[PDB]
Amino acid sequence: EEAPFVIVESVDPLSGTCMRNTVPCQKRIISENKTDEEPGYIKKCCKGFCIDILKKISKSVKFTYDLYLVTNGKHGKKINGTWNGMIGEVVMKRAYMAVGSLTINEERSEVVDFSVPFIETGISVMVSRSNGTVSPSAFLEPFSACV
Amino acid sequence: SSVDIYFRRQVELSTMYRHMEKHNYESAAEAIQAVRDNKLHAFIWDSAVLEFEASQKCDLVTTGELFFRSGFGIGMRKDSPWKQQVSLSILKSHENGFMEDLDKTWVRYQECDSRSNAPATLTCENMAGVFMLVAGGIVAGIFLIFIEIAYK
Amino acid sequence: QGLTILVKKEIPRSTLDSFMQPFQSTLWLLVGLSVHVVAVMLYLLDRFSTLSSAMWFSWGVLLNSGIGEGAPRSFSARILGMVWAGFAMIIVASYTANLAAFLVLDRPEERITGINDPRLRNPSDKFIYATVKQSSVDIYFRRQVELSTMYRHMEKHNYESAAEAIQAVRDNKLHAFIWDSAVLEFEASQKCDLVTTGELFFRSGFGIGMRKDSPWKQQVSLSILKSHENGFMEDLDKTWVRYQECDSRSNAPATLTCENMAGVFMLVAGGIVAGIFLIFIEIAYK
Amino acid sequence: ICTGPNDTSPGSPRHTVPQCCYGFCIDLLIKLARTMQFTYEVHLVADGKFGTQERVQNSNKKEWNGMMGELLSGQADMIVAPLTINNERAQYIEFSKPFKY
Amino acid sequence: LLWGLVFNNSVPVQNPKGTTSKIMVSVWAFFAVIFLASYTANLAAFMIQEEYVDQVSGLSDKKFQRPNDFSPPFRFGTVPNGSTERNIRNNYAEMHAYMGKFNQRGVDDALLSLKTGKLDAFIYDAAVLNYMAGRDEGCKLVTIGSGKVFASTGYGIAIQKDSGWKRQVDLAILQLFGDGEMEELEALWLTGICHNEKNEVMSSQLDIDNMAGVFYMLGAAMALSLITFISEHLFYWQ
Amino acid sequence: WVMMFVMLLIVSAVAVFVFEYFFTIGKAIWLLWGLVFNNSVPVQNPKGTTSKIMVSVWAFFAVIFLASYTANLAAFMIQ
Ligand SMILES: N[C@@H](Cc1cc(-c2ccc(Cl)cc2Cl)cc(CP(=O)(O)O)c1O)C(=O)O
Ligand SMILES: *[C@@H]1O[C@H](CO)[C@@H](O)[C@H](O)[C@H]1NC(C)=O
């Protein structure tokens, strides 16, 4: 949930759920763990683009799942030969799959295994739009050479 | 091909498919020469094969909106020992910058460009009325001249 | 009936500052010099082979006034004056043409094309739309999901009764309103500064209410159907709705007015002024 | 040295004659070969089609066409060519990662 | 006389006698009043143009490889400390360093620097820009076409290696592609407002660059006039 | 549409009574009317080098006024 691909919406006390094209998701958050304070609590309720892919896949291949957020290291960035975050969680068997914003590259195709890409992406450029102008020779347009 | 595979197993395009079955061609090399002869009015294919046309020739042009999304790939029988090494060597060729070099060498010429098709300046074949009337004026003069000499 | 939107029918009023608008403030200067340029250059090519006369001719071919009587007598000066006339024609042709092009594309706004308009899909503080609290419209929007953001926006403004929403649209405190078509259409006809956006929405039909399992149900629901072939409901319709007192068609392209042509009248007044000065200078030079 | 069968268009006796081919895919193929030590040969499809399933024999037996059928029949080994990626072919064949979106 | 009549009333003229000629001339005048009308009319069509976005190639074009021909505005920018830079920092190292004077913050502080003329272009990930292009209402800010992206990769699902689940999720995703569902989610979630076409914008004031052509012809006529004055003045031996 | 006419009358009156200062009493309205719509007929137009400028100002105004009319009217012809 570092993206407009998947979104977390804080839990609703008006009903107790979301249930509108949404799904629950945990966050076993540990913080200020200087007194061995046991972690965990239900953070926001989840929904987003990758989430819908998830649901439809689950109903088409018949499993069930257990969504929970990461703690540290948003994506995989190796440090001292170790993976932190969404790729560690797959290499330490503390998970089975990881969905969301997660690109593809050799540096990851040895630790984890990858699915078929479902979006295009890469490096591209943004520009602004130039207003419409008039040729320096407009005043000769409206008559073919003969006339 | 894959396009008819896409249209058949689609249902909202039942009538579309029902229409196409009567005309589909043998290979794009024929469909292009059939569009440039006005024996056809459209054609549907893989974008990256059309875009090379709008650039080499420049009397054809596409209609922008990007359709069903895919990606080309290589084919190997299921469970072959070569699979993993190949699918790795590909990914190498997308950060060292190799595929960009192949791209530029073979596609992306942009030799012809289109922008704001002109509002079609007039020409010699429709202003023909006024020149006819001035000629006819020349004629009538050679008649109505003598009538003066007579009335003199 | 169904649901529609009720917006304020803007009165078209063409935007135009002054007559200089089709020319970049430099181009005026460029021609105001080049005229004198060609004037002087013409004054020579007749002596070396009438100065005031040449200046008149030059600065008067462009103005299309017949004032000015001289004429180049050379060969060269004639060949110049011809293309000078041509260029003067081009100037005015281009000015009026570009003015025409600007005056076409100057059209006021775009009415909402229904619910599929993206202008509604995205909330903005510069565009407020509401309904009546605790009705069927909010029931329709709540239990819909694609309209989650829509509903999330509306909750902050919904009104108490259409009698307030209409008086709030006709005061530009609001920009839209959604309700039962057959209640809006009576508005676009009684008053005629409001008009709807056509596209018919979620479909329904009014009805009568009785507690479940009442002895009156069947007879009532029969007597209704009688009143749709004898022709009774048509009579009620015509008596109460369908006045068509005001009609709309092809909102005009907003004729010009006294408040934007004010430039040229200013310049002719100023011309009157300068005359009362430059008159005496003549008497002096006499 | 492109070993092509299509000296003439289909509908006439074919006299498979050597040709030569080049372009995007041939360059990519040569890169792969240098990377993984192959020795390749190339022969063009005898069908001139991409390939799809179709009933035959006035029956319900499902067979493919063209180069896809030439792979599944072991007649070929690898399709280095502009071949798309879909579900219906994915159940008989192994697709590399995509090399052109 | 006739030249004057075609363009517009210029000067007194000793025009005709000869009551026949007093009719030929009128025919010509009618022709002129129609010809000028046709010109003024059709020219009012050539003055409604469309917006214009430049046809720039990918990162490989001259505008970045040799960013010193038109020195002033070349402002390829980026965002610091991220995966975007490294790919640039490993293929265009010099063109990486040049960008050092263009580090933005976040992404909004960069999208703004394209509406206030501080920057030329901007380099970032595709699928986030595209969704961000459909955000702003000022459609004067829209990316270049696809097929020009540099390092085409995708988005994927991470599976523990060697699992048997892999084959099935692949076939399932190709299924979602197969029956048009993916477009439904894509359209509901990513594609926003600005899938529109370039407007017919009325021009601004005509300016000297636009109308220079008439002035060059005016000057050329001035020169030709000088030349004829010279040629005639050669007549001092007769 | 009538401010034009009132300016017309005013300028004509001041024109002749400026011309007085260094055959042209009502021939003005003729001249100016012609100038507004388009060239109609010979006119004993001015003397009085000042008036030879008031008239030119009017002519400029006319060449702008006719342009505005022809232009905006080309909008009312698309229904
Ligand atoms: N997708 C990449 C990570 C990754 C993510 C983003 C990103 C962040 C926020 C949003 Cl809302 C959208 C996007 Cl796409 C951007 C980049 C590019 P950079 O961080 O260099 O600016 C990146 O690498 C992965 O798979 O690890
Ligand atoms: C284009 O014209 C619009 C008109 O409002 C203006 O806001 C914008 O700044 C112009 N852009 C350029 C690059 O001149």
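Conventions we followed
Residues numbered from 1 in each chain as written, not as in the entry; some residues may be left out. Chains lettered and ligands numbered in written order. Part of a larger assembly, values for the part shown. Heavy atoms only, no water. Residues with missing side-chain atoms left out of burial classes, pairs and counts. Helix = DSSP H or I, 4+ residues; strand = E, 2+ residues; numbered from the N terminus. Rg over C-alpha atoms; globule rule 2.2 N^0.38 Å. Core = buried A, V, L, I, M, F, W, Y, C linked by side-chain atoms within 4.5 Å. Buried < 20%, exposed > 50% of the residue type's maximum accessible area, 1.4 Å probe, protein only. Contact = heavy atoms within 4.5 Å. Buried area = accessible area lost by both parts, 1.4 Å probe. Salt bridge = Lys/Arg side-chain N within 4 Å of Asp/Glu carboxyl O. Polar contact = N/O pair within 3.5 Å; in protein donor to acceptor, adjacent residues only side chain to side chain. Nonpolar A, V, L, I, M, F, W, Y, C, P; charged D, E, K, R; others polar. Pairing = 2+ DSSP bridges. Axes fitted to C-alpha atoms, helices over the stretch in contact; angles between N-to-C directions. Patch = residues over 30% accessible without salt bridge, like charges linked within 9 Å, V, L, I, M, F, W, Y side chains within 5 Å. Areas by Shrake-Rupley, 256 points an atom, 1.4 Å probe, with all protein chains shown as cover.

- The name the PDB entry assigns to chain F is Ionotropic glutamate receptor , NMDA receptor GluN2B, from the organism Rattus norvegicus.

- The name the PDB entry assigns to chain E is Ionotropic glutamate receptor , NMDA receptor GluN2B, from the organism Rattus norvegicus.

1. Here we look at the overall build of chain F
Phase 1: A tally of regular secondary structure across chain F gives 3 helices and 0 strands.
Phase 2: Mapped from its N terminus to its C terminus, chain F presents α and β elements in the order α-α-α.
Phase 3: Here the C-alpha radius of gyration of chain F, 15 Å, is well above what a compact globule of 79 residues would show, namely 12 Å.
Phase 4: Counting only C-alpha atoms, chain F reaches 55 × 25 × 20 Å along its principal axes.

2. Quick notes on unusual backbone geometry
Phase 1: Positive phi, close to 65 degrees, is recorded for C:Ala254, a residue that is not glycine.
Phase 2: Mapped onto the secondary structure, C:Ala254 falls in the loop between helix 10 (232–240) and helix 11 (262–285).
Phase 3: One non-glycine residue, D:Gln57, lies in positive phi territory at about 60 degrees.
Phase 4: Structurally, D:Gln57 is set in the loop between strand 3 (54–55) and strand 4 (62–63).

3. Notes on the nonpolar core
Phase 1: One finds C:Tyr95, C:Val264, C:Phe265, E:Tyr39, E:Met211 and F:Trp58 to be the most contacted residues of the largest nonpolar core, which totals 62 residues.
Phase 2: By residue number, the principal contributor to this core is helix 3 (residues 76–105) of chain C, which donates 17 residues.
Phase 3: For C:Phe265, the contacting residues outside a window of four places in its chain are F:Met3, F:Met4, F:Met7 and F:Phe61.
Phase 4: Residues C:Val7, C:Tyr129, C:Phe177 and C:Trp179 belong to the second largest nonpolar core, which totals 29 residues.

4. Observations regarding the interface of chain E and chain D
Phase 1: Counting residues at the interface gives 7 residues for chain E, matched by 6 residues for chain D.
Phase 2: Here chain E meets chain D over a buried area of about 600 Å², counting both sides, of which 50% is carbon and sulfur.
Phase 3: Area buried by chain E at its contact with chain D is led by E:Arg167, E:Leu171 and E:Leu174, which between them contribute 59% of it.
Phase 4: At the junction of chain E with chain D, the criterion picks out 0 salt bridges.
Phase 5: Counting the contacts that link chain E with chain D gives 2 residue pairs in polar contact.
Phase 6: Among the secondary structure elements, those contributing two or more residues to the side of chain E that touches chain D are strand 4 (153–154) and helix 8 (165–178) of chain E.
Phase 7: Per-class residue counts for the side of chain E that touches chain D are 2 nonpolar, 4 polar and 1 charged.

5. Points about the sheet that holds strand 5 (residues 78–83) of chain D
Phase 1: If you trace the 3 strands from one edge of the open sheet to the other, you get 5(D)-1(B)-6(D), paired in antiparallel fashion. Lying at the two open borders of the sheet, with one neighbouring strand each, are strand 5 and strand 6 (93–95) of chain D. Across the sheet, the mean angle separating the axes of adjacent strands is 30 degrees when strand polarity is ignored.
Phase 2: Sheet topology note: the strand 1 (residues 73–77) of chain B/strand 5 of chain D ladder contains 3 bridges and is antiparallel. Bridging across to strand 5 of chain D, B:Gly75 finds its partner in D:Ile79.

6. Some points on a nonpolar patch on the surface
All names here are of chain C.
Phase 1: A cluster of nonpolar side chains, contributed by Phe186, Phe232, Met233, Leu236, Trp240, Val241 and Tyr243, occupies part of the molecular surface with about 680 Å² of accessible area.
Phase 2: Among the elements that take part in the nonpolar patch, helix 10 stands out by supplying 4 residues, more than any other.
Phase 3: Checked against the element boundaries, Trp240 lands in helix 10.
Phase 4: Residue class for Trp240 comes out exposed when judged on its relative accessible area of 60%.

7. Notes on the interface of chain A and chain E
Phase 1: Counting residues at the interface gives 57 residues for chain A and 68 residues for chain E.
Phase 2: Sorting the residues of the side of chain A that touches chain E by element identifies strand 2 (45–48), helix 1 (49–61), strand 3 (97–98), strand 4 (113–114), strand 5 (120–121) and strand 6 (123–126) of chain A as the ones contributing at least two each.
Phase 3: In terms of residue count, the dominant contributor to the side of chain A that touches chain E is helix 1 of chain A (6 residues).
Phase 4: Here the residues of the side of chain A that touches chain E sort into 33 nonpolar, 15 polar and 9 charged.
Phase 5: Two elements, strand 3 of chain A and strand 5 (residues 158–159) of chain E, share 2 bridges in a ladder whose sense is antiparallel.

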